[PDB]
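Below, in structure tokens: the form solved without its partner chain, a single chain.
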């Protein structure tokens, strides 16, 4: 299924947003994590820690590098779903996506605290609550999920407007198309808020936008807004 296509593109861009600070770069997500070197570098950039590396070109050496990465994560109470080193060394599409998601969850999404919070809300729920609160003042805007609610680009625009009203023309948003609104919000957010583009407008303007892809981008909106 091709929500996986969008998810792969989103995860590839998220990884690269950080890997570039280590002069590294991923083209094919399903190939370029297999020898463990980019994962280790990613974990170092994200955490600041120094990790070991195994030198070599054999699979024997590759499995060892991947285990460096997974153990680093496991040792930090990060639960890894049926993911063994050789799934990654073999470029298993589903498990590779699942590993990156786990990393995005741990370093970016997990520590959130929102006003109005309930006692045992997951990270997902708190982020949803935060989005609802940001647009509570706006007539004709509502947020019920991390899929359908975000398709036409108006939540993305309102959220920016709520924090920096000078940046966004809300009346113009209500005349514009989905693609023009999406494109404007992502551009304003990048140029003025320092938020890297993880999503392309045509990845969002679909019957059902990928939930993990939207959460990743909305998460980085929350993280970057003062």
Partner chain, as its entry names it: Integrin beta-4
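Residue numbers count along the first chain shown, from 1.
Omitted from view is the form solved in complex with its partner chain, to which the following refers.
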query	finding
Candidate from 114, 121, 73, 95 lying within 4.5 Å of its partner chain in the entry with it bound - any heavy atom	95
Listed residue that, although its partner chain is not shown, lies within 4.5 Å of it in the entry with it bound (heavy atoms), from 110, 77, 148, 82	82
Per-stretch contact check against its partner chain in the entry with it bound, the hit in 160 to 168, 179 to 187, 24 to 32, 195 to 203 (non-hydrogen atom, 4.5 angstroms)	24 to 32
4.5 Å heavy atom contact, residue 13 to its partner chain in the entry with it bound	no
Partner proximity in the entry with it bound: residue 191 to its partner chain, non-hydrogen atom cutoff 4.5 Å	no
Exercise: residue 53 in contact with its partner chain in the entry with it bound, heavy atom 4.5 Å	no
Contact flag, residue 57 vs its partner chain in the entry with it bound, heavy atom cut 4.5 Å	yes
